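Below is one structure, written out as structure tokens; comments come after it.
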Amino acid sequence: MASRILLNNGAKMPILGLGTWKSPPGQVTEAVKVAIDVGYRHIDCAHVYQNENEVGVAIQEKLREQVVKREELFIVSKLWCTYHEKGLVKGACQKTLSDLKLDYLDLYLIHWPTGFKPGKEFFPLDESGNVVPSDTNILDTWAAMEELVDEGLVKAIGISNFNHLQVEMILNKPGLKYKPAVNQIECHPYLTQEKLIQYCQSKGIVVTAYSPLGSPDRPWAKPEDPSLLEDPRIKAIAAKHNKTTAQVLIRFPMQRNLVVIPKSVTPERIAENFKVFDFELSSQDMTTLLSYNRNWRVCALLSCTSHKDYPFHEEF
Ligand SMILES: NC(=O)c1ccc[n+]([C@@H]2O[C@H](COP(=O)([O-])OP(=O)(O)OC[C@H]3O[C@@H](n4cnc5c(N)ncnc54)[C@H](OP(=O)(O)O)[C@@H]3O)[C@@H](O)[C@H]2O)c1
Ligand SMILES: Cc1nc2c(-c3ccc(Cl)cc3)nc3ccccc3c2c(=O)n1CC(=O)O
């Protein structure tokens with residue numbers, strides 16, 4: 001297993017990265033320091049995660065310590081939904097750069113295809129609890145992302161939570177300047193994404209799997225919900241390899257030619273999650289894990305099911 005995958009800009013992206021959603025500001029600095037110590041070279045960030053300054057502190061410290069140089073790191077962030085207007089994109093990117101204390105990003109994603117009303121609130125609601133959309137569209141936001149590459153703020157651009165028709169919309173845009181390098185989507189044994197992965201890989205778009213452990217810490221989660229880490233069937237596959245369930249869940253997407261971004265703030269788990277280059281899941285293991293698919297999403301963006309650009313009505 002080579003540890004990096006080639007993108008359409010000639011850069012190589014580490015297949016294992018550290019996720020940072022729900023990593024509290026008061027713990028994520030240490031998590032990122034430990035991750036860098038440990039061997040992680042890819043960090044998945046976002047403005048909406050409300051912790052980019054603290055991620056940036058950690059990166060700065062490890063650069064100052066001479067542990068890594070900037071060129072060896074692969075830093076990803078994402079344009080939040082309240083900044084889809086073409087006139088807001090550059091400022092949103094530069095705010096992320098300032099918080100991260102960086103002068104470029106390796107990859108910048110449109111976080112979701114849905115634009116939300118601009119303003120201070122990340123999830124702006126009306127008096128009846130509906131997300132308030134903005135009058136923005138995918139193609140105009142993409143053109144504004146392209147400008148960030150031309151100006152040297154970001155090395156590559158991509159998308160996240162786009163269905164195949166929304167990807168197609170960008171690919172088919174007259175006067176396209178950059179193709180999306182990556183589509184970052186939820187993917188794990190309960191949502192295996194066979195059709196969208198086949199689509200993206202066939203189009204030369206690298207897929208990153210988010211919530212690979214099933215996001216047990218997500219804020220809506222209902223107790224009766226399926227639980228990957230607790231799945232006794234996956235526990236048995238792990239036991240046969242002398243690995244943990246989490247390690248099996250991380251290795252799984254790696255063997256599908258995906259990038260994967262497990263999140264932890266716990267030092268032992270950060271280290272555990274990186275120790276996935278010393279074993280292989282068998283053909284049968286892969287087939288068995290794939291067979292657990294239920295089309296079950298932990299990040300369904302239910303507040304936005306009426307949005308014109310809601311991505312999950314389509315089959316894929
Ligand atoms: N583009 C998008 O829309 C989007 C959406 C969702 C996620 N993401 C990205 O993907 C990342 C990963 O997804 P996620 O945060 O939803 O969830 P996840 O990585 O599937 O699961 C994270 C949870 O698993 C725990 N954990 C981690 N390693 C473990 C291990 N070895 N053993 C047991 N428990 C373990 C963590 O606990 P502790 O942290 O307490 O150790 C945390 O509660 C995010 O952080 C974010 O960077 C992107
Ligand atoms: C899927 C997702 N949901 C939320 C949610 C969220 C999740 C589930 C419900 Cl039902 C409503 C909102 N809230 C946040 C609050 C503050 C900071 C970040 C979030 C986020 C958030 O960052 N994500 C992750 C993402 O979009 O990457």
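Residues in the structure tokens are numbered from 1 in each chain, the chains being A, B, ... in the order shown, and ligands are numbered from 1 in the order shown.
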Return as a PyMOL selection string every polymer residue, whether protein, DNA or RNA, with at least one atom no more than 7 Å from an atom of ligand 1; count only C-alpha atoms and all ligand atoms.
-> chain A and resi 18-23+44-45+111-112+160-161+184-186+210-218+229+246-247+261-266+269-270+272-273+299
Resulting file, chosen residues, N, CA and C atoms, as an mmCIF file, in the first residue's frame:
data_model
loop_
_atom_site.group_PDB
_atom_site.id
_atom_site.type_symbol
_atom_site.label_atom_id
_atom_site.label_comp_id
_atom_site.auth_asym_id
_atom_site.auth_seq_id
_atom_site.Cartn_x
_atom_site.Cartn_y
_atom_site.Cartn_z
ATOM 1 N N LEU A 18 -6.146 12.971 9.585
ATOM 2 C CA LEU A 18 -6.803 13.175 10.882
ATOM 3 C C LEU A 18 -8.033 14.062 10.696
ATOM 4 N N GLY A 19 -9.192 13.547 11.100
ATOM 5 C CA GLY A 19 -10.378 14.351 11.137
ATOM 6 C C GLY A 19 -10.438 15.253 12.380
ATOM 7 N N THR A 20 -11.170 16.377 12.257
ATOM 8 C CA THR A 20 -11.204 17.383 13.338
ATOM 9 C C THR A 20 -12.612 17.889 13.672
ATOM 10 N N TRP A 21 -13.678 17.337 13.051
ATOM 11 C CA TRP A 21 -15.027 17.735 13.471
ATOM 12 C C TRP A 21 -15.282 17.173 14.867
ATOM 13 N N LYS A 22 -15.720 18.053 15.777
ATOM 14 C CA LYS A 22 -16.042 17.719 17.162
ATOM 15 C C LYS A 22 -14.790 17.582 18.013
ATOM 16 N N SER A 23 -13.633 17.970 17.512
ATOM 17 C CA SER A 23 -12.427 18.020 18.334
ATOM 18 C C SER A 23 -12.434 19.363 19.054
ATOM 19 N N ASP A 44 -7.720 17.042 8.069
ATOM 20 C CA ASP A 44 -8.980 17.478 7.487
ATOM 21 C C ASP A 44 -9.628 18.499 8.433
ATOM 22 N N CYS A 45 -9.813 19.712 7.928
ATOM 23 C CA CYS A 45 -10.273 20.868 8.702
ATOM 24 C C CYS A 45 -11.549 21.422 8.076
ATOM 25 N N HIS A 111 -18.004 22.613 0.920
ATOM 26 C CA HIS A 111 -18.302 21.673 2.001
ATOM 27 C C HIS A 111 -19.593 20.873 1.745
ATOM 28 N N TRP A 112 -20.630 21.587 1.290
ATOM 29 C CA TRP A 112 -21.898 20.983 0.905
ATOM 30 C C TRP A 112 -22.392 21.727 -0.335
ATOM 31 N N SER A 160 -17.656 18.181 -1.682
ATOM 32 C CA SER A 160 -17.991 17.270 -0.605
ATOM 33 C C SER A 160 -19.505 17.148 -0.540
ATOM 34 N N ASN A 161 -19.975 15.947 -0.381
ATOM 35 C CA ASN A 161 -21.421 15.695 -0.294
ATOM 36 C C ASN A 161 -22.149 16.053 -1.597
ATOM 37 N N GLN A 184 -15.360 14.435 -1.211
ATOM 38 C CA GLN A 184 -15.314 13.874 0.136
ATOM 39 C C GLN A 184 -16.753 13.525 0.564
ATOM 40 N N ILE A 185 -16.986 12.234 0.851
ATOM 41 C CA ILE A 185 -18.333 11.717 1.093
ATOM 42 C C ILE A 185 -18.301 10.791 2.281
ATOM 43 N N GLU A 186 -19.457 10.613 2.931
ATOM 44 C CA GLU A 186 -19.572 9.654 4.009
ATOM 45 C C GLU A 186 -19.382 8.250 3.448
ATOM 46 N N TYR A 210 -15.383 10.031 4.712
ATOM 47 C CA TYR A 210 -15.538 10.649 6.020
ATOM 48 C C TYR A 210 -16.442 9.761 6.901
ATOM 49 N N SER A 211 -16.400 10.039 8.211
ATOM 50 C CA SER A 211 -17.088 9.258 9.230
ATOM 51 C C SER A 211 -16.834 7.751 9.053
ATOM 52 N N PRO A 212 -15.584 7.341 8.880
ATOM 53 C CA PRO A 212 -15.321 5.902 8.599
ATOM 54 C C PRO A 212 -15.607 5.006 9.795
ATOM 55 N N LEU A 213 -15.658 5.570 11.008
ATOM 56 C CA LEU A 213 -15.969 4.816 12.211
ATOM 57 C C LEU A 213 -17.439 4.961 12.568
ATOM 58 N N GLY A 214 -18.239 5.601 11.698
ATOM 59 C CA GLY A 214 -19.661 5.786 11.941
ATOM 60 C C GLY A 214 -19.992 6.957 12.861
ATOM 61 N N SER A 215 -19.055 7.870 13.058
ATOM 62 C CA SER A 215 -19.307 9.109 13.800
ATOM 63 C C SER A 215 -20.135 8.867 15.074
ATOM 64 N N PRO A 216 -19.641 8.033 15.997
ATOM 65 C CA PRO A 216 -20.448 7.722 17.200
ATOM 66 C C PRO A 216 -20.674 8.953 18.076
ATOM 67 N N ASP A 217 -19.839 9.985 17.956
ATOM 68 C CA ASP A 217 -19.929 11.203 18.716
ATOM 69 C C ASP A 217 -20.782 12.266 18.031
ATOM 70 N N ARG A 218 -21.412 11.980 16.893
ATOM 71 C CA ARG A 218 -22.241 12.973 16.200
ATOM 72 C C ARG A 218 -23.354 13.463 17.112
ATOM 73 N N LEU A 229 -18.624 0.579 15.484
ATOM 74 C CA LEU A 229 -17.551 0.169 16.335
ATOM 75 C C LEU A 229 -17.934 -0.963 17.247
ATOM 76 N N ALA A 246 -11.695 -0.480 15.030
ATOM 77 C CA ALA A 246 -11.386 0.793 14.372
ATOM 78 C C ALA A 246 -10.324 0.618 13.283
ATOM 79 N N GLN A 247 -9.274 -0.179 13.568
ATOM 80 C CA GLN A 247 -8.229 -0.396 12.569
ATOM 81 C C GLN A 247 -8.764 -1.091 11.334
ATOM 82 N N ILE A 261 -10.285 9.575 6.731
ATOM 83 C CA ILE A 261 -9.979 10.652 7.691
ATOM 84 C C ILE A 261 -10.620 10.412 9.061
ATOM 85 N N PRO A 262 -10.253 9.316 9.752
ATOM 86 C CA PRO A 262 -10.794 9.094 11.104
ATOM 87 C C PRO A 262 -10.439 10.234 12.051
ATOM 88 N N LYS A 263 -11.398 10.581 12.914
ATOM 89 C CA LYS A 263 -11.194 11.624 13.904
ATOM 90 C C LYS A 263 -10.939 11.012 15.284
ATOM 91 N N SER A 264 -9.947 11.553 15.994
ATOM 92 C CA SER A 264 -9.820 11.326 17.420
ATOM 93 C C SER A 264 -9.097 12.495 18.049
ATOM 94 N N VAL A 265 -9.400 12.736 19.321
ATOM 95 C CA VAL A 265 -8.609 13.606 20.205
ATOM 96 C C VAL A 265 -7.858 12.825 21.281
ATOM 97 N N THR A 266 -8.001 11.512 21.282
ATOM 98 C CA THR A 266 -7.445 10.676 22.353
ATOM 99 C C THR A 266 -6.084 10.172 21.904
ATOM 100 N N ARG A 269 -5.708 6.517 20.777
ATOM 101 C CA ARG A 269 -6.472 6.196 19.587
ATOM 102 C C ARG A 269 -5.869 6.843 18.341
ATOM 103 N N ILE A 270 -5.346 8.056 18.451
ATOM 104 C CA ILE A 270 -4.668 8.679 17.306
ATOM 105 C C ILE A 270 -3.569 7.750 16.810
ATOM 106 N N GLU A 272 -3.250 4.410 17.516
ATOM 107 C CA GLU A 272 -3.863 3.164 17.051
ATOM 108 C C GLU A 272 -4.329 3.284 15.596
ATOM 109 N N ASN A 273 -5.011 4.394 15.312
ATOM 110 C CA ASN A 273 -5.657 4.583 14.020
ATOM 111 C C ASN A 273 -4.635 4.707 12.894
ATOM 112 N N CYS A 299 -24.709 11.382 8.388
ATOM 113 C CA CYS A 299 -24.739 12.818 8.100
ATOM 114 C C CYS A 299 -25.693 13.042 6.917
#
Per-residue DSSP, stretch 52-284 of chain A, filtered to strand (DSSP E or B), as a PyMOL selection string = chain A and resi 74-79+105+107-110+116+125+131+133+154+157-160+182-186+188+191+206-210+259-260+263
Write the selection just made, keeping N, CA and C atoms, as a JSON list (two decimals), in the first residue's frame?
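Below is the file that was written, again.json:
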[["chain", "number", "residue", "atom", "x", "y", "z"],
["A", 74, "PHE", "N", -0.33, 18.04, 4.28],
["A", 74, "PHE", "CA", -1.43, 18.13, 3.32],
["A", 74, "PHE", "C", -2.64, 18.62, 4.12],
["A", 75, "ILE", "N", -2.91, 19.92, 4.03],
["A", 75, "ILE", "CA", -3.94, 20.57, 4.86],
["A", 75, "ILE", "C", -5.14, 20.84, 3.97],
["A", 76, "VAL", "N", -6.29, 20.32, 4.41],
["A", 76, "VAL", "CA", -7.57, 20.44, 3.72],
["A", 76, "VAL", "C", -8.48, 21.32, 4.56],
["A", 77, "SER", "N", -9.18, 22.28, 3.92],
["A", 77, "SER", "CA", -10.30, 22.92, 4.57],
["A", 77, "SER", "C", -11.46, 23.01, 3.58],
["A", 78, "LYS", "N", -12.53, 23.66, 4.04],
["A", 78, "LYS", "CA", -13.80, 23.63, 3.30],
["A", 78, "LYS", "C", -14.50, 24.96, 3.49],
["A", 79, "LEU", "N", -15.13, 25.40, 2.38],
["A", 79, "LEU", "CA", -15.94, 26.60, 2.30],
["A", 79, "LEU", "C", -17.33, 26.30, 2.90],
["A", 105, "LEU", "N", -3.58, 26.41, 1.24],
["A", 105, "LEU", "CA", -4.15, 25.11, 1.52],
["A", 105, "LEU", "C", -3.76, 24.14, 0.41],
["A", 107, "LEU", "N", -5.78, 21.63, -0.36],
["A", 107, "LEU", "CA", -7.04, 21.27, -0.97],
["A", 107, "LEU", "C", -8.12, 22.10, -0.26],
["A", 108, "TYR", "N", -9.03, 22.68, -1.05],
["A", 108, "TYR", "CA", -10.14, 23.45, -0.51],
["A", 108, "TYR", "C", -11.41, 22.91, -1.17],
["A", 109, "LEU", "N", -12.39, 22.53, -0.33],
["A", 109, "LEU", "CA", -13.60, 21.87, -0.82],
["A", 109, "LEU", "C", -14.82, 22.77, -0.64],
["A", 110, "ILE", "N", -15.76, 22.70, -1.59],
["A", 110, "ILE", "CA", -17.11, 23.18, -1.29],
["A", 110, "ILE", "C", -17.72, 22.16, -0.31],
["A", 116, "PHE", "N", -26.45, 28.47, 2.19],
["A", 116, "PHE", "CA", -27.29, 28.99, 3.27],
["A", 116, "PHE", "C", -27.18, 30.50, 3.30],
["A", 125, "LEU", "N", -31.65, 29.63, 10.92],
["A", 125, "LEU", "CA", -32.99, 29.07, 10.94],
["A", 125, "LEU", "C", -34.05, 30.16, 10.90],
["A", 131, "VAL", "N", -33.75, 25.49, 7.74],
["A", 131, "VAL", "CA", -32.55, 26.17, 7.26],
["A", 131, "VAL", "C", -32.97, 27.18, 6.23],
["A", 133, "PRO", "N", -32.08, 29.04, 3.05],
["A", 133, "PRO", "CA", -31.12, 28.93, 1.93],
["A", 133, "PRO", "C", -30.62, 30.29, 1.49],
["A", 154, "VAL", "N", -4.80, 28.24, -2.81],
["A", 154, "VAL", "CA", -5.06, 26.80, -2.65],
["A", 154, "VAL", "C", -4.43, 26.10, -3.86],
["A", 157, "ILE", "N", -8.79, 22.24, -5.75],
["A", 157, "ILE", "CA", -10.14, 22.41, -5.26],
["A", 157, "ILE", "C", -10.95, 21.16, -5.51],
["A", 158, "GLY", "N", -11.98, 20.95, -4.65],
["A", 158, "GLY", "CA", -12.87, 19.82, -4.76],
["A", 158, "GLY", "C", -14.20, 20.09, -4.11],
["A", 159, "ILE", "N", -14.95, 19.01, -3.91],
["A", 159, "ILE", "CA", -16.32, 19.09, -3.46],
["A", 159, "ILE", "C", -16.53, 18.06, -2.36],
["A", 160, "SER", "N", -17.66, 18.18, -1.68],
["A", 160, "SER", "CA", -17.99, 17.27, -0.61],
["A", 160, "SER", "C", -19.51, 17.15, -0.54],
["A", 182, "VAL", "N", -11.15, 16.01, -5.81],
["A", 182, "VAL", "CA", -11.63, 15.15, -4.74],
["A", 182, "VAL", "C", -13.11, 15.38, -4.55],
["A", 183, "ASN", "N", -13.85, 14.32, -4.23],
["A", 183, "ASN", "CA", -15.19, 14.40, -3.63],
["A", 183, "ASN", "C", -15.10, 13.67, -2.29],
["A", 184, "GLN", "N", -15.36, 14.43, -1.21],
["A", 184, "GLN", "CA", -15.31, 13.87, 0.14],
["A", 184, "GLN", "C", -16.75, 13.53, 0.56],
["A", 185, "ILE", "N", -16.99, 12.23, 0.85],
["A", 185, "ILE", "CA", -18.33, 11.72, 1.09],
["A", 185, "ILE", "C", -18.30, 10.79, 2.28],
["A", 186, "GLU", "N", -19.46, 10.61, 2.93],
["A", 186, "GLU", "CA", -19.57, 9.65, 4.01],
["A", 186, "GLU", "C", -19.38, 8.25, 3.45],
["A", 188, "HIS", "N", -18.59, 3.99, 4.86],
["A", 188, "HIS", "CA", -18.27, 3.02, 5.90],
["A", 188, "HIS", "C", -19.08, 1.77, 5.57],
["A", 191, "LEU", "N", -22.76, 2.25, 4.70],
["A", 191, "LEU", "CA", -23.03, 3.18, 3.59],
["A", 191, "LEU", "C", -21.80, 3.06, 2.66],
["A", 206, "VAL", "N", -10.65, 11.68, -6.96],
["A", 206, "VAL", "CA", -10.31, 10.88, -5.81],
["A", 206, "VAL", "C", -11.41, 11.03, -4.75],
["A", 207, "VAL", "N", -11.75, 9.91, -4.13],
["A", 207, "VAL", "CA", -12.79, 9.93, -3.10],
["A", 207, "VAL", "C", -12.13, 9.85, -1.73],
["A", 208, "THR", "N", -12.55, 10.78, -0.83],
["A", 208, "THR", "CA", -12.23, 10.69, 0.58],
["A", 208, "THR", "C", -13.47, 10.20, 1.35],
["A", 209, "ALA", "N", -13.27, 9.19, 2.18],
["A", 209, "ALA", "CA", -14.30, 8.64, 3.08],
["A", 209, "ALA", "C", -14.27, 9.36, 4.41],
["A", 210, "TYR", "N", -15.38, 10.03, 4.71],
["A", 210, "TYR", "CA", -15.54, 10.65, 6.02],
["A", 210, "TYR", "C", -16.44, 9.76, 6.90],
["A", 259, "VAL", "N", -9.13, 7.72, 0.16],
["A", 259, "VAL", "CA", -8.52, 8.42, 1.26],
["A", 259, "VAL", "C", -9.48, 8.29, 2.47],
["A", 260, "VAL", "N", -8.97, 8.27, 3.69],
["A", 260, "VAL", "CA", -9.84, 8.09, 4.85],
["A", 260, "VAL", "C", -9.33, 8.99, 5.98],
["A", 263, "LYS", "N", -11.40, 10.58, 12.91],
["A", 263, "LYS", "CA", -11.19, 11.62, 13.90],
["A", 263, "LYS", "C", -10.94, 11.01, 15.28]]
Which of stretch 89-179 of chain A end up as alpha helix (DSSP H) when DSSP is run on this backbone - answer as an mmCIF file with N, CA, C and O atoms, in the first residue's frame?
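Final output, saved to result00.cif:
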data_model
loop_
_atom_site.group_PDB
_atom_site.id
_atom_site.type_symbol
_atom_site.label_atom_id
_atom_site.label_comp_id
_atom_site.auth_asym_id
_atom_site.auth_seq_id
_atom_site.Cartn_x
_atom_site.Cartn_y
_atom_site.Cartn_z
ATOM 1 N N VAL A 89 -16.389 34.105 -1.256
ATOM 2 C CA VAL A 89 -15.538 32.907 -1.237
ATOM 3 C C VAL A 89 -14.104 33.242 -0.849
ATOM 4 O O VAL A 89 -13.510 32.537 -0.013
ATOM 5 N N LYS A 90 -13.516 34.255 -1.473
ATOM 6 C CA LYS A 90 -12.115 34.522 -1.174
ATOM 7 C C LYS A 90 -11.940 34.894 0.294
ATOM 8 O O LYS A 90 -10.996 34.426 0.939
ATOM 9 N N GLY A 91 -12.828 35.717 0.843
ATOM 10 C CA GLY A 91 -12.699 36.100 2.234
ATOM 11 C C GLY A 91 -12.814 34.907 3.164
ATOM 12 O O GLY A 91 -12.125 34.825 4.197
ATOM 13 N N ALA A 92 -13.711 33.967 2.821
ATOM 14 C CA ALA A 92 -13.858 32.766 3.650
ATOM 15 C C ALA A 92 -12.577 31.956 3.616
ATOM 16 O O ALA A 92 -12.126 31.436 4.663
ATOM 17 N N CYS A 93 -11.976 31.807 2.434
ATOM 18 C CA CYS A 93 -10.730 31.071 2.331
ATOM 19 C C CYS A 93 -9.636 31.774 3.134
ATOM 20 O O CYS A 93 -8.876 31.138 3.858
ATOM 21 N N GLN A 94 -9.539 33.103 2.979
ATOM 22 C CA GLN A 94 -8.473 33.814 3.676
ATOM 23 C C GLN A 94 -8.667 33.790 5.183
ATOM 24 O O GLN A 94 -7.672 33.794 5.918
ATOM 25 N N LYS A 95 -9.911 33.745 5.686
ATOM 26 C CA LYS A 95 -10.145 33.605 7.118
ATOM 27 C C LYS A 95 -9.630 32.250 7.607
ATOM 28 O O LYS A 95 -8.965 32.160 8.633
ATOM 29 N N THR A 96 -9.943 31.183 6.871
ATOM 30 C CA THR A 96 -9.390 29.874 7.186
ATOM 31 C C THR A 96 -7.860 29.896 7.171
ATOM 32 O O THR A 96 -7.239 29.344 8.090
ATOM 33 N N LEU A 97 -7.261 30.506 6.151
ATOM 34 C CA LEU A 97 -5.788 30.578 6.094
ATOM 35 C C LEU A 97 -5.236 31.323 7.309
ATOM 36 O O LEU A 97 -4.225 30.909 7.901
ATOM 37 N N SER A 98 -5.861 32.447 7.654
ATOM 38 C CA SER A 98 -5.394 33.218 8.819
ATOM 39 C C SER A 98 -5.526 32.397 10.094
ATOM 40 O O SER A 98 -4.589 32.375 10.917
ATOM 41 N N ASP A 99 -6.662 31.714 10.288
ATOM 42 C CA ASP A 99 -6.842 30.914 11.490
ATOM 43 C C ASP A 99 -5.830 29.781 11.546
ATOM 44 O O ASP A 99 -5.269 29.497 12.598
ATOM 45 N N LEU A 100 -5.615 29.097 10.433
ATOM 46 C CA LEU A 100 -4.658 27.990 10.360
ATOM 47 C C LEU A 100 -3.194 28.461 10.387
ATOM 48 O O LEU A 100 -2.299 27.627 10.456
ATOM 49 N N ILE A 138 -24.360 26.001 -7.706
ATOM 50 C CA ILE A 138 -23.127 25.227 -7.697
ATOM 51 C C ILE A 138 -22.090 25.823 -8.658
ATOM 52 O O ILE A 138 -20.890 25.945 -8.325
ATOM 53 N N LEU A 139 -22.507 26.151 -9.871
ATOM 54 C CA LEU A 139 -21.549 26.509 -10.902
ATOM 55 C C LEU A 139 -20.887 27.847 -10.605
ATOM 56 O O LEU A 139 -19.680 28.009 -10.822
ATOM 57 N N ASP A 140 -21.644 28.805 -10.092
ATOM 58 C CA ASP A 140 -21.062 30.082 -9.740
ATOM 59 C C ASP A 140 -20.119 29.939 -8.528
ATOM 60 O O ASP A 140 -19.073 30.601 -8.460
ATOM 61 N N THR A 141 -20.481 29.119 -7.553
ATOM 62 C CA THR A 141 -19.547 28.903 -6.445
ATOM 63 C C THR A 141 -18.275 28.225 -6.946
ATOM 64 O O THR A 141 -17.177 28.587 -6.512
ATOM 65 N N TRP A 142 -18.403 27.259 -7.865
ATOM 66 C CA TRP A 142 -17.215 26.607 -8.402
ATOM 67 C C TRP A 142 -16.298 27.596 -9.116
ATOM 68 O O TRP A 142 -15.082 27.564 -8.910
ATOM 69 N N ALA A 143 -16.874 28.491 -9.925
ATOM 70 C CA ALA A 143 -16.023 29.457 -10.589
ATOM 71 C C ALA A 143 -15.265 30.304 -9.576
ATOM 72 O O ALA A 143 -14.126 30.674 -9.812
ATOM 73 N N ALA A 144 -15.900 30.641 -8.449
ATOM 74 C CA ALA A 144 -15.211 31.429 -7.429
ATOM 75 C C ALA A 144 -14.091 30.597 -6.758
ATOM 76 O O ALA A 144 -13.032 31.138 -6.420
ATOM 77 N N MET A 145 -14.295 29.293 -6.577
ATOM 78 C CA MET A 145 -13.237 28.408 -6.078
ATOM 79 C C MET A 145 -12.056 28.367 -7.030
ATOM 80 O O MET A 145 -10.898 28.325 -6.592
ATOM 81 N N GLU A 146 -12.314 28.339 -8.350
ATOM 82 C CA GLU A 146 -11.249 28.264 -9.326
ATOM 83 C C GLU A 146 -10.307 29.451 -9.197
ATOM 84 O O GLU A 146 -9.085 29.339 -9.360
ATOM 85 N N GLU A 147 -10.864 30.613 -8.920
ATOM 86 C CA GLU A 147 -10.054 31.821 -8.727
ATOM 87 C C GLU A 147 -9.017 31.671 -7.596
ATOM 88 O O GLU A 147 -7.920 32.225 -7.670
ATOM 89 N N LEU A 148 -9.343 30.893 -6.574
ATOM 90 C CA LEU A 148 -8.413 30.679 -5.454
ATOM 91 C C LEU A 148 -7.182 29.926 -5.903
ATOM 92 O O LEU A 148 -6.088 30.165 -5.364
ATOM 93 N N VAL A 149 -7.333 28.986 -6.851
ATOM 94 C CA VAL A 149 -6.160 28.292 -7.383
ATOM 95 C C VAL A 149 -5.336 29.271 -8.201
ATOM 96 O O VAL A 149 -4.095 29.327 -8.088
ATOM 97 N N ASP A 150 -6.002 30.068 -9.055
ATOM 98 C CA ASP A 150 -5.284 30.990 -9.898
ATOM 99 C C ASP A 150 -4.496 32.000 -9.085
ATOM 100 O O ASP A 150 -3.446 32.488 -9.547
ATOM 101 N N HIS A 164 -23.863 12.384 -7.912
ATOM 102 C CA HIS A 164 -23.174 12.270 -9.191
ATOM 103 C C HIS A 164 -23.672 13.306 -10.164
ATOM 104 O O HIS A 164 -22.910 13.732 -11.040
ATOM 105 N N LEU A 165 -24.953 13.679 -10.096
ATOM 106 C CA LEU A 165 -25.471 14.672 -11.008
ATOM 107 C C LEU A 165 -24.889 16.043 -10.712
ATOM 108 O O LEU A 165 -24.681 16.869 -11.612
ATOM 109 N N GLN A 166 -24.632 16.344 -9.439
ATOM 110 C CA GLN A 166 -24.040 17.630 -9.064
ATOM 111 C C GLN A 166 -22.581 17.673 -9.475
ATOM 112 O O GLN A 166 -22.113 18.719 -9.941
ATOM 113 N N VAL A 167 -21.853 16.546 -9.359
ATOM 114 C CA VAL A 167 -20.489 16.455 -9.910
ATOM 115 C C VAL A 167 -20.537 16.675 -11.411
ATOM 116 O O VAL A 167 -19.788 17.477 -11.954
ATOM 117 N N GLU A 168 -21.475 15.998 -12.096
ATOM 118 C CA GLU A 168 -21.582 16.102 -13.556
ATOM 119 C C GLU A 168 -21.782 17.539 -13.963
ATOM 120 O O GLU A 168 -21.289 17.980 -14.995
ATOM 121 N N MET A 169 -22.602 18.263 -13.197
ATOM 122 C CA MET A 169 -22.849 19.650 -13.486
ATOM 123 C C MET A 169 -21.564 20.486 -13.584
ATOM 124 O O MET A 169 -21.391 21.314 -14.492
ATOM 125 N N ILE A 170 -20.655 20.295 -12.641
ATOM 126 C CA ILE A 170 -19.350 20.942 -12.713
ATOM 127 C C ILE A 170 -18.536 20.408 -13.893
ATOM 128 O O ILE A 170 -17.954 21.181 -14.659
ATOM 129 N N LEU A 171 -18.476 19.090 -14.046
ATOM 130 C CA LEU A 171 -17.627 18.533 -15.110
ATOM 131 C C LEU A 171 -18.033 19.047 -16.466
ATOM 132 O O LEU A 171 -17.180 19.236 -17.341
#
Rank A:288, A:257, A:82, A:136 by their smallest atom-to-atom distance to residue A:121, using only C-alpha atoms, and report the top residue only.
->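 Among A:288, A:257, A:82, A:136, it is A:82 that comes nearest to residue A:121.
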Write out as a ChimeraX atom specification the residues lying within 12 Å of residue A:117, counting only C-alpha atoms and excluding same-chain residues fewer than 3 positions away.
-> /A:80-85,88,114,120-126,130-136,307
Mind checking which residues fall within 8 Å of residue A:5, counting only C-alpha atoms, ignoring those fewer than 3 positions away in the same chain, and posting them as a PyMOL selection string?
-> chain A and resi 2+12-15+259
Go ahead and write the residues just picked, N, CA and C atoms, as a PDB file, in the first residue's frame.
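The result, written out as selection-v2.pdb:
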ATOM      1  N   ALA A   2       0.999   1.969  -1.158  1.00  0.00           N
ATOM      2  CA  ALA A   2       1.563   3.320  -1.168  1.00  0.00           C
ATOM      3  C   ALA A   2       0.732   4.244  -0.291  1.00  0.00           C
ATOM      4  N   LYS A  12       0.553  14.800  -4.446  1.00  0.00           N
ATOM      5  CA  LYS A  12       0.236  13.540  -3.820  1.00  0.00           C
ATOM      6  C   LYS A  12      -0.435  13.802  -2.455  1.00  0.00           C
ATOM      7  N   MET A  13      -1.558  13.110  -2.249  1.00  0.00           N
ATOM      8  CA  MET A  13      -2.382  13.306  -1.051  1.00  0.00           C
ATOM      9  C   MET A  13      -2.258  12.067  -0.158  1.00  0.00           C
ATOM     10  N   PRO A  14      -1.870  12.222   1.105  1.00  0.00           N
ATOM     11  CA  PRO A  14      -1.812  11.053   1.995  1.00  0.00           C
ATOM     12  C   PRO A  14      -3.180  10.403   2.133  1.00  0.00           C
ATOM     13  N   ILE A  15      -3.192   9.078   2.041  1.00  0.00           N
ATOM     14  CA  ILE A  15      -4.434   8.328   2.106  1.00  0.00           C
ATOM     15  C   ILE A  15      -5.017   8.273   3.513  1.00  0.00           C
ATOM     16  N   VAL A 259      -9.130   7.719   0.155  1.00  0.00           N
ATOM     17  CA  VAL A 259      -8.518   8.417   1.262  1.00  0.00           C
ATOM     18  C   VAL A 259      -9.482   8.286   2.467  1.00  0.00           C
TER      19      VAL A 259
END
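With only C-alpha atoms and all ligand atoms as the basis for measurement, A:46 is the residue among A:286, A:31, A:46, A:276 that approaches ligand 2 most closely.
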Write out as a PyMOL selection string which residues come within 9 Å of stretch 61-72 of chain A when counting only C-alpha atoms, dropping same-chain ones fewer than 5 positions away.
-> chain A and resi 33+36-37+41-42+56+102
Residues as selected, C-alpha atoms, written as a CSV table (one decimal), in the first residue's frame, can you do that?
chain,number,residue,atom,x,y,z
A,33,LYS,CA,0.7,17.6,17.8
A,36,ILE,CA,2.1,14.8,13.6
A,37,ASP,CA,4.5,13.0,16.0
A,41,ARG,CA,0.7,14.3,7.4
A,42,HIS,CA,-2.9,15.1,6.3
A,56,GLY,CA,-3.1,26.1,13.3
A,102,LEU,CA,-0.9,29.1,6.6
